[PDB]
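Before any questions on how it binds or moves, here is one chain, the form deposited in one PDB entry, in structure tokens.
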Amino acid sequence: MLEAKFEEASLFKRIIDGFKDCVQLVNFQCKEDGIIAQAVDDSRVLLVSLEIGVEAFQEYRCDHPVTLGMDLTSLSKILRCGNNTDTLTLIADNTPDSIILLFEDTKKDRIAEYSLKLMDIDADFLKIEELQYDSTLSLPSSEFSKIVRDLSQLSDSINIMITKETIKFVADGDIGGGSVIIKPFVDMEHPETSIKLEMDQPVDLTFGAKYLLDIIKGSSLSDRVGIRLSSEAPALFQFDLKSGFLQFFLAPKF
């Protein structure tokens, strides 16, 4: 029997928003020490990896490994049904035909129980993360969100260029162009505005805006975003959770 109790349904809903507009069906491998889930879009240039530790729940019990694949188009609908700041409990019994989502609230007033029909999905799990990445920066997700949103106005292709102590986002379109530059700094008034950068080797990569716009969906999950870049491999965009994370692996072109 599985019983994973989110303190606030928002968390799970906001997590699903990460996968939503970029992948369809996802296997949520549940087990002893939490949940993990992976998915890849049709064109195989964006991979989303989720890990949720036990501490991210208020209560978590999984007697025995249970893999629950489900349609996120359909799951999300049920997430709409819930009350944003209400306790959500996932329930399942061995070899589920279905998973039960369970909303509660303050008073035993309205307690909604939904059920989602599950689906068999062949896995073939990937493990592409690398040991070392040529460059590794971290900035407020809100700032990174802005930069992408703005430069997306001009070009369908955003170039990220990193020399030492210099991160340059560039967009060049038929219709004009644009470029933001930021620098590392420790902000003691509020360290959550800080910009970090550990450049081992410089990088000059170009990603599709279509996907960078999907990646910034996770901005609702963490104050900061973790962007690891190397020129031979996909970039790691990571939003950290209380215990766990949401990772986006994006391959740049050319």
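Start at 1 with the first residue shown and count on from there.
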item	value
Given 184-192 and 199-207, the range whose Cα B-factors average higher in the PDB entry	184-192
4-12 versus 245-253 - greater average Cα B-factor per the deposited record	4-12
Residue of maximum C-alpha B factor among 75, 128, 170, 175, per deposited coordinates	175
Position of residue 158 among the chain's modelled residues by C-alpha B-factor, lowest, middle or highest third	middle
Third of the chain's Cα B-factor distribution that residue 240 belongs to, per the entry	lowest
Where the record places residue 64 (Cα B-factor, split into thirds across the chain)	highest
CA B-factor placement of residue 41, once the chain's modelled residues are sorted into thirds	middle
Residue 111 CA temperature factor, ranked by third within the chain	highest
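This next part talks about the form deposited with a partner chain bound, which is not shown.
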item: Check all three, 16, 52 and 218, heavy atom within 4.5 Å of its partner chain in the deposited bound form; value: no
item: In the deposited bound form, residue 44 touching its partner chain (heavy atom, 4.5 Å); value: yes
item: Contact of residue 40 with its partner chain in the deposited bound form (heavy atom, 4.5 Å); value: yes
